[PDB]
Amino acid sequence: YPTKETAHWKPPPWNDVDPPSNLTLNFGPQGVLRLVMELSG
Amino acid sequence: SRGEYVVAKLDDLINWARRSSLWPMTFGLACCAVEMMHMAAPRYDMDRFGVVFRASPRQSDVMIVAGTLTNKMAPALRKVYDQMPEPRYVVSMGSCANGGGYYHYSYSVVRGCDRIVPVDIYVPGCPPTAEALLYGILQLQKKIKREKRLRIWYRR
Amino acid sequence: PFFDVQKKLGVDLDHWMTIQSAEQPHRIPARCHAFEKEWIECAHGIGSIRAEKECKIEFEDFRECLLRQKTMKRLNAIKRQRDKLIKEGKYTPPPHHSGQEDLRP
Amino acid sequence: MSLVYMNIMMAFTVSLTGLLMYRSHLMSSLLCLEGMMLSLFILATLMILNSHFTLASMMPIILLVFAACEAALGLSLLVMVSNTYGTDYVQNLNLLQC
Amino acid sequence: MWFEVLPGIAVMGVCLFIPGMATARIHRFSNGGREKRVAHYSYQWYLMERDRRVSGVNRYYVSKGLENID
Amino acid sequence: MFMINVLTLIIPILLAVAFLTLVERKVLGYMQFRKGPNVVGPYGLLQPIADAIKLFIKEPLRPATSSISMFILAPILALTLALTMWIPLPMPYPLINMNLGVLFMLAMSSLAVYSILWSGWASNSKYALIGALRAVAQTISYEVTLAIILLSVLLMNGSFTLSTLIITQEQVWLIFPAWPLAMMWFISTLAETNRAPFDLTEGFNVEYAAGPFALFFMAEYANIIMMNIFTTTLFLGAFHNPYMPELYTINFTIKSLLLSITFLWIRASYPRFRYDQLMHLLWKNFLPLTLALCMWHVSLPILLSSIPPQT
Amino acid sequence: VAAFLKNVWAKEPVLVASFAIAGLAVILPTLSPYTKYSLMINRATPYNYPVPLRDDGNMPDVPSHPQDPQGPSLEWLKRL
Amino acid sequence: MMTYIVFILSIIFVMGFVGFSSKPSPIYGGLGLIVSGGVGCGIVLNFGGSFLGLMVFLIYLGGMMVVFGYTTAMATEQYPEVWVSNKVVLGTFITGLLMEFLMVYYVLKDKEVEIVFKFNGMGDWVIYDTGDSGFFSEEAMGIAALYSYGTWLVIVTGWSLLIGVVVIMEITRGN
Amino acid sequence: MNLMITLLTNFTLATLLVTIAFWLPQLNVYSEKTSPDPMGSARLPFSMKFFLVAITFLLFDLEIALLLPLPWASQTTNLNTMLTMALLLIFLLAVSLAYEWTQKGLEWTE
Ligand SMILES: CCCCCCCCCCCCCCCCCC(=O)OC[C@H](COP(=O)([O-])OCC[N+](C)(C)C)OC(=O)CCCCCCCCCCCCCCCCC
Ligand SMILES: CCCCCCCCCCCCCCCCCC(=O)OC[C@H](COP(=O)(O)OCCN)OC(=O)CCCCCCCCCCCCCCCCC
Ligand SMILES: CCCCCCCCCCCCCCCCCC(=O)OC[C@H](COP(=O)(O)OCCN)OC(=O)CCCCCCCCCCCCCCCCC
Ligand SMILES: CCCCCCCCCCCCCCCCCC(=O)OC[C@H](COP(=O)(O)OCCN)OC(=O)CCCCCCCCCCCCCCCCC
Ligand code: SF4
């Protein structure tokens, strides 16, 4: 029975699964070289 | 008087402790880093003066600008200088850090690191020999020795 | 559902930790070994309904051995009366409760 | 009943009231739950040492080990929640209303 | 040469020698010229408090020998 | 009189940690074909005093702390746990003679990672927090083999008493029946204190000033000297005459100095491990051997009828 | 079963040493003669008081004084 | 004053849970639970439970609360706080902790002594040294009996720990 | 009692050295400095591997907590049962380690 508080409740997905980056470092000058790292763990 | 004597002896104490325990953050910019490495090498051996080898920038006492300061890295130089606790000091090593050197008229070179940071000791040479860099370090220690911090505090 | 497997097969899985009066290591007694032994030997085999009303004296002796509420009540009464008499000035403590008597052994 | 046992029970009920009124985080729930476990350890230990009941002295360690393993399980659950939403917020755990 | 490290090693060795020597001398000073009584167990503590009661001066380390019996 | 004994423990600990910096710089000097400090004092004997007065008047960095309380309680906990690990150490008689001094030291060293974790969260940096989490994971990893090796050795002792460990080794050193436990214990204590080749912090507490960094520094070196003394008592236990305790004190002092200089001589010899390589060293090399030797030192006094006395 | 053993001793000597030490720790307490002496020493260690018995009249195996012949003796422990 | 020390620790223990059951943050929650674990361990150690107190430190605090602080520090994104020079960054900490010990000493007032003095435990509560035990801690031998008497207990405990390892590795996979 | 005095003295010396380390250079009127690292404004990504090694520490630490009364359990009369349960606990710690091995749990921090 759709009441006032229950009207916006959409039904759950059929297979019960729900729709859900990596680190980027800057090794700066702190020879000399800067390193932008897309690291993944 | 008495308090003048006390602040003079405590000035001697803190100046002794600061000059005999200088920890350098060496910018390895260019060829002068090689001669700094020879100044840390066994023959000249900075470590026996209390001058440790490759201290971290957030505890170091003296910044040695050893090599060519270019325009792409001058903000990084001023950033590492601003991250140094006081009393911080700057030793400029070699001609490109002193006044631009062999790349003075270049489009990309800071003409002296004293356009960026306040510089205490200018070490001349291309590169200065490691013995001469060590001379500049000992002249910095003698400059720290004649500081008058608590004397000027007691007189102001 | 109490499937008493330990009595069917004849294994001792957890009876040993159950009561204090069981076989302890190096024959250490509990503080209330006699009182719990008497409550268990009284209330044995007669069921809980008869055990509540027909072994209440041993059970209250064992409960008072555990909690010591009547003993702490009695000591609080005697200590309160002693404090009130020391406060009134009608009583003096003995030397063997004040610490000047060079203890027994 | 006794006094220091009443204090350890008071701590158990205080961490229970903290475990029954959630503010923001699931880690706060796990911390109140393990404060409850700590108070159970303390109270069991004082009873077992009080009566000089010897064989039960292994019991609080047992009461530790299982329940600490239990806490490990709870931490892993929190992590999977924090891998779906980025936070461990209990208000992200409301998809089972329907 | 290599023997130059020996003053610092000697200073550090004296700094490690001082606590053990200190606690041994304090244990002999506070216990009648002897070792401190070790009571890890209830029997050792019971004998120790029995010594404290039989000495008469509230000190366990005063040993009463055969002169205290008739 | 007991407070005198506490001060005569804790002041020479701080003096020994101060001069360990001099011994480290001199021994690492001569091993690197150079000299160490000799300009400041005679042969460098004023270099620790100059370094301490320099670090204690150096400017505080004005730290942008994520918390006040953990920023203050990480050096406090570091120094307190650095000092309280010494009080059950038998030299030949400890400051606090306790029946579970081994377990006490294992507990107080397991509590020593909170200084790392609170220093990490008390910084605003995510990179400093990642480095602190890596350091905490390393330290709690190697605490596993600390506990198992320590248990396996104390299966020959009888109890967790550290003074009983002197009585255990009156006929032979305990490194003879337990040298694999000795070498894995020594590498594990090397990897506890983030000492080289396990020093990936120099490869987390830089949010602090130079003064509080000196506090973490001196707590780390007190842990180094303490674990060397504990390893000396645990494996190379010296002769003890109860009428002359200075024989035992000089003997374990000399052995502790040699083992601390063995740390100084390891750090001037090897490159660093990569992080997963020392996790491989723990979880895949030291832990199977350590578990097998735990089974071995359980079942071996039973088969040789050499079960040590409880008391 | 022998070339595999040489292969695993070449590749992974740590796990071979671990399984060898663990296998010896399992089997060797039963293959030993001195294992029974562990049991005997732990059951002859007097943590409690040896509570005496009332002499009913016929107990030949129970002594009356510690310096009597009958009673459990530890000559084997003193000699070994 | 010194007699009621266990009771004093218990009061602090109760106050310690009010440090974190009000839940200011999970990180300060962990900090309050560590302080509470230390004072409850002091309560345990002052009845002669030395091994159990060292299990509080070694396994509860140094074993498990390390993991709680570790998992908390891998969440709850941080932000800076007040970082003025030393009249704020340490002076407010010292005044706050002095007010905390003021709160500890402040609760021992006339509403407390009606419970303390009518139900005086110290004098007759701590009775663990009632007579002699011998050459052994009774608590140590009771924990030692886990291997001879506790065969089923050790079997189900080690099986639960092995199943704990398996369960954690299955739920923390995502596949 | 002596232990509490020693802990209190160690805590007092620690707090005194921290207080000296904070208040002694704050005598200086050096400079109020401005303008506040490998990330500038990046959030922290979670890493599953660090949590796996933390929970692995906790579970093996519980197994060590079981293994701790062995120097006392060696003194018991039922040595066959004691030896069987000691070897069984260390074998279950080894089985937990082998299951951590073969399911790739010890990888990229091996
Ligand atoms: C207590 C005082 C000190 C004690 C001694 C320690 C002082 C010496 C220190 C030297 C410097 C150390 C520098 C850092 C070391 C770190 C690197 C390292 O070595 O890692 C460990 C290395 C690691 O080896 P690894 O890293 O080369 O292995 C590679 C592994 N794979 C192939 C998987 C990639 O070795 C060990 O783990 C061995 C530990 C000791 C083993 C002892 C076994 C004893 C014998 C058992 C029986 C064997 C035979 C079988 C049965 C026979 C029966 C009859
Ligand atoms: C357990 C072992 C612990 C050991 C710890 C100590 C290790 C080091 C041992 C001593 C080493 C040598 C110390 C002296 C170094 C040199 C000091 C000196 O004389 O400096 C000269 C300087 C200039 O004076 P000036 O008169 O101008 O000289 C020109 C010549 N006319 O004038 C001055 O500098 C002024 C005078 C300063 C003198 C300071 C001397 C050192 C103080 C050390 C204090 C701690 C000592 C140990 C305490 C605990 C044990 C008692
Ligand atoms: C962030 C806060 C501040 C951080 C820095 C300070 C706190 C952390 C660092 C210090 C840790 C304190 C540890 C205190 C207990 C240590 C364990 C212990 O007491 O073991 C020794 C001993 C057991 O050995 P045993 O020989 O059996 O005893 C005598 C029997 N004849 O047992 C004894 O001798 C018992 C002696 C009496 C009981 C002592 C109780 C101490 C007070 C309560 C705990 C205080 C700390 C609370 C906060 C902890 C936070 C980590
Ligand atoms: C019964 C006694 C008690 C036994 C239980 C207690 C043992 C104590 C040690 C516990 C060790 C726990 C972890 C064991 C995991 C075994 C599986 C394994 O490691 O397989 C992988 C490995 C191949 O190596 P890889 O995958 O490349 O390694 C990564 C780094 N390169 O594969 C291998 O290296 C092969 C490893 C398995 C075969 C080893 C055989 C050793 C035989 C020694 C002599 C006989 C000993 C008697 C007992 C028989 C043991 C099999
Ligand atoms: S001054 Fe000259 S030699 Fe020196 S770093 Fe510059 S370019 Fe190289």
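From the set of residues in segment G:47-60 that are loosely packed, with under 10 Cβ neighbours inside 10 Å and under 29 Å from H:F135 (Cα atoms), which is farthest from the chain's Cα centre (by Cα)?
G:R54
In segment B:26-58, of all residues being within 30 Å of B:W153 (Cα to Cα) and surrounded by fewer than 23 Cβ atoms within 10 Å (Cβ to Cβ), the one that is nearest to ligand 2 (Cβ to nearest atom) corresponds to B:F49.
Can you spot a residue in segment D:24-38 that is surrounded by fewer than 17 Cβ atoms within 10 Å (Cβ to Cβ) and within 15 Å of the chain's Cα centre (by Cα)?
Looking only at segment D:24-38, we keep the residues that are surrounded by fewer than 17 Cβ atoms within 10 Å (Cβ to Cβ), and these are D:24.
Now restrict to residues that are within 15 Å of the chain's Cα centre (by Cα): none.
Checked against the condition, which is being surrounded by fewer than 17 Cβ atoms within 10 Å (Cβ to Cβ) and within 15 Å of the chain's Cα centre (by Cα), segment D:24-38 yields no hits at all.
For F:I187, are the conditions met, namely being more than 14 Å from ligand 1 (Cβ to nearest atom), in a helix (DSSP H, G or I) and either within 14 Å of chain I (Cβ to nearest Cβ) or not hydroxyl-bearing (S, T, Y) (or both)? Judged against the criteria, F:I187 is not a match. Residue selection: I:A42 fails the criterion of being within 29 Å of the chain's Cα centre (by Cα), at the interface with another protein chain (Cβ under 7 Å from one of its Cβ atoms) and crowded, with 21+ Cβ neighbours inside 10 Å.
Return yes or no: is H:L31 out of contact with any helix residue (DSSP H, G or I) (no Cβ under 6 Å at 6 or more places or on another chain) and either of a type outside the set (G, A, S) or surrounded by fewer than 18 Cβ atoms within 10 Å (Cβ to Cβ) (or both)? Lay out the reasoning, then the answer.
On the way: out of contact with any helix residue (DSSP H, G or I) (no Cβ under 6 Å at 6 or more places or on another chain): yes; either of a type outside the set (G, A, S) or surrounded by fewer than 18 Cβ atoms within 10 Å (Cβ to Cβ) (or both): yes.
Spelling it out, H:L31 is indeed out of contact with any helix residue (DSSP H, G or I) (no Cβ under 6 Å at 6 or more places or on another chain) and either of a type outside the set (G, A, S) or surrounded by fewer than 18 Cβ atoms within 10 Å (Cβ to Cβ) (or both).
The set of residues from segment C:70-105 being surrounded by 11 or more Cβ atoms within 10 Å (Cβ to Cβ) and charged (D, E, K, R) comprises C:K70, C:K73, C:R74, C:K79, C:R80, C:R82, C:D83, C:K84, C:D102. Out of curiosity, is F:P48 within 16 Å of ligand 2 (Cβ to nearest atom) and over 15 Å from B:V51 (Cβ atoms)? Criteria met by F:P48. Here D:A72 clears all of (1) of a type outside the set (S, T, N, Q); (2) surrounded by fewer than 21 Cβ atoms within 10 Å (Cβ to Cβ); (3) at the interface with chain H (Cβ under 7 Å from one of its Cβ atoms) except the condition numbered (2). Do we find that A:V17 is assigned to a loop (DSSP other than H, G, I, E, B) and loosely packed, with under 11 Cβ neighbours inside 10 Å in this structure? Taking the combined requirement at face value, the residue satisfies it.
Return yes when H:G48 is away from ligand 5 (no atom under 16 Å from the Cβ) and part of a loop (DSSP other than H, G, I, E, B) and no when it is not. Steps first, please.
On the way: away from ligand 5 (no atom under 16 Å from the Cβ): yes; part of a loop (DSSP other than H, G, I, E, B): yes.
Here the answer is yes, as H:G48 does meet what is asked.
Of the helices (runs of 4 or more DSSP H) lying entirely inside segment F:197-282, the ones with 2 or more residues being within 16 Å of ligand 3 (Cβ to nearest atom) are found at F:210-235.
Evaluate the following for B:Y105: is it more than 16 Å from ligand 4 (Cβ to nearest atom), exposed (fewer than 14 other Cβ atoms within 10 Å of the Cβ) and hydroxyl-bearing (S, T, Y)? Quick ask: steps written out before the conclusion?
Details: more than 16 Å from ligand 4 (Cβ to nearest atom): yes; exposed (fewer than 14 other Cβ atoms within 10 Å of the Cβ): yes; hydroxyl-bearing (S, T, Y): yes.
In short, yes.
Per-residue answers, yes or no, for (1) touching an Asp or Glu at 6+ places or on another chain (Cβ under 9 Å); (2) within 16 Å of ligand 4 (Cβ to nearest atom):
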residue: I:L44; (1), (2): yes, no
residue: I:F50; (1), (2): no, no
residue: I:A54; (1), (2): no, no
residue: I:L58; (1), (2): no, no
residue: I:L67; (1), (2): no, yes
residue: I:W72; (1), (2): no, no
residue: I:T81; (1), (2): no, no
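Among the numbered conditions (1) surrounded by 12 or more Cβ atoms within 10 Å (Cβ to Cβ); (2) within 14 Å of chain E (Cβ to nearest Cβ), the only one that C:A51 does not meet is (2). Among the candidates I:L52, I:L66, the residue that is in contact with a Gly (Cβ under 8 Å, 6 or more places away or on another chain), away from ligand 1 (no atom under 16 Å from the Cβ), closer than 25 Å to F:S159 by Cβ and at the interface with another protein chain (Cβ under 7 Å from one of its Cβ atoms) is uniquely I:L66. For segment F:264-303, filtered to residues that are more than 7 Å from chain I (Cβ to nearest Cβ) and β-branched (V, I, T), the residue that is nearest to ligand 1 (Cβ to nearest atom) is F:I266. Listed by position, the helices (runs of 4 or more DSSP H) enclosed by segment F:1-120 that each have at least 1 residues that are over 21 Å from the mean Cα position of the chain (by Cα) and within 16 Å of ligand 3 (Cβ to nearest atom) are F:2-31, F:68-83.
Annotation: of all residues in segment B:2-25 being crowded, with 20+ Cβ neighbours inside 10 Å and hydrophobic (A, V, I, L, M, F, W, C), the one that is nearest to ligand 1 (Cβ to nearest atom) is B:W23. Looking only at segment I:27-38, decide whether some residue is within 7 Å of another protein chain (Cβ to nearest Cβ), in a helix (DSSP H, G or I) and surrounded by 15 or more Cβ atoms within 10 Å (Cβ to Cβ). No - not one qualifying residue is present in segment I:27-38. Residues in segment I:85-106 that are more than 8 Å from chain H (Cβ to nearest Cβ) and loosely packed, with under 15 Cβ neighbours inside 10 Å: I:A98, I:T102, I:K104.
Could you name every one of the helices (runs of 4 or more DSSP H) located completely within segment G:1-45 that has at least 2 residues being more than 16 Å from ligand 5 (Cβ to nearest atom), surrounded by fewer than 12 Cβ atoms within 10 Å (Cβ to Cβ) and small (G, A, S)? Before you say what the answer is, go through the steps one by one.
Details: elements: G:3-11, G:13-27, G:35-43.
The qualifying helices (runs of 4 or more DSSP H) are G:3-11.
Residues in segment B:134-144: is at least one among the β-branched types (V, I, T) and within 25 Å of B:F49 (Cα to Cα)?
In the first step, residues of segment B:134-144 are kept if they are among the β-branched types (V, I, T); the result is B:137, B:144.
Filter again for within 25 Å of B:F49 (Cα to Cα), leaving B:137, B:144.
The answer is yes; a qualifying residue exists.
Number of residues in segment H:53-88 that are farther than 22 Å from H:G30 by Cβ and either more than 7 Å from every other protein chain (Cβ to nearest Cβ) or not in a loop (DSSP other than H, G, I, E, B) (or both) equals 4.
With respect to (1) of a type outside the set (A, V, I, L, M); (2) touching an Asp or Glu at 6+ places or on another chain (Cβ under 9 Å); (3) at the interface with chain I (Cβ under 7 Å from one of its Cβ atoms), the lone exception for F:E143 is condition (3). Restricting attention to segment F:129-139 and to residues that are more than 8 Å from every other protein chain (Cβ to nearest Cβ) and within 17 Å of F:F216 (Cα to Cα), the residue that is nearest to ligand 3 (Cβ to nearest atom) turns out to be F:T139. Filtered by the rule that a residue be in a loop (DSSP other than H, G, I, E, B), facing chain D (nearest Cβ under 8 Å) and more than 25 Å from F:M98 (Cα to Cα), segment H:109-147 gives H:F119, H:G121. Restricted to segment I:72-92, and to residues there that are farther than 15 Å from F:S299 by Cβ and assigned to a helix (DSSP H, G or I), the residue that is nearest to ligand 5 (Cβ to nearest atom) is I:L92. Of all residues in segment F:47-74, those that are closer than 12 Å to B:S21 by Cα, within 9 Å of chain B (Cβ to nearest Cβ), crowded, with 20+ Cβ neighbours inside 10 Å and not charged (D, E, K, R) total 3.
Cβ: placed from backbone, ideal geometry, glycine included. Neighbour counts: every protein chain shown. No lab work stands behind these numbers, since they all come straight from the coordinates.
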